[PDB]
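> this one's experimental. Sequence and coordinates below.
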Amino acid sequence: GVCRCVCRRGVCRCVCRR
Amino acid sequence: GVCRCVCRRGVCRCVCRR
Amino acid sequence: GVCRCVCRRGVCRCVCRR
């Protein structure tokens, strides 16, 4: 349920666990 | 138990395993 | 926030539009 997200320039990449 | 997501334009595509 | 997920044993792939 917690995500680590890195965003820039119209894109977000997220890794989510619990 | 992990979902990896990429979001653009409000559209997110996620792959979840383990 | 409208999502679909398609799963096989061991993997789910989701697409969320909002």
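Great, that's in hand. Residues are numbered from 1 along each chain as shown, chains lettered A, B, ... in the order given.
> correct me, but residue A:13 touches residue A:4?
No. If you go by C-beta atoms under 8 Å, residue A:13 and residue A:4 don't touch, sitting 9.1 Å apart. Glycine gets a C-beta too; all of them are placed from N, C-alpha and C.
> counting neighbours, go ahead and name the busier of these two.
A side-by-side neighbour count of residue A:13 and residue A:4, using other C-beta atoms under 10 Å in any protein chain shown, places residue A:13 first with 14 against 9.
> is the more buried one bridged to anything, and to what?
residue A:6, residue B:6 (DSSP bridges).
> quick one, what contacts it?
Residue A:13 makes contact with A:5-7, B:4-7, according to C-beta atoms under 8 Å, 6 or more residues apart in numbering or on different chains.
> any idea how far it lies from residue C:11?
Applying C-beta to C-beta, to the nearest Å, the value for residue A:13 to residue C:11 is 19 Å.
> same deal with residue A:16?
15 Å.
> ok, these two, which is more surrounded?
Set residue A:16 next to residue C:11 and count neighbours by other C-beta under 10 Å: residue A:16 wins out with 16 against 11.
> now that one: closest residue in space, sequence neighbours ignored.
residue A:3 (3.9 Å; C-beta to C-beta, 6 or more residues apart in numbering or on different chains).
> secondary structure element holding the one you found?
Residue A:3 is part of strand A:2-8, with elements assigned from DSSP states H and E.
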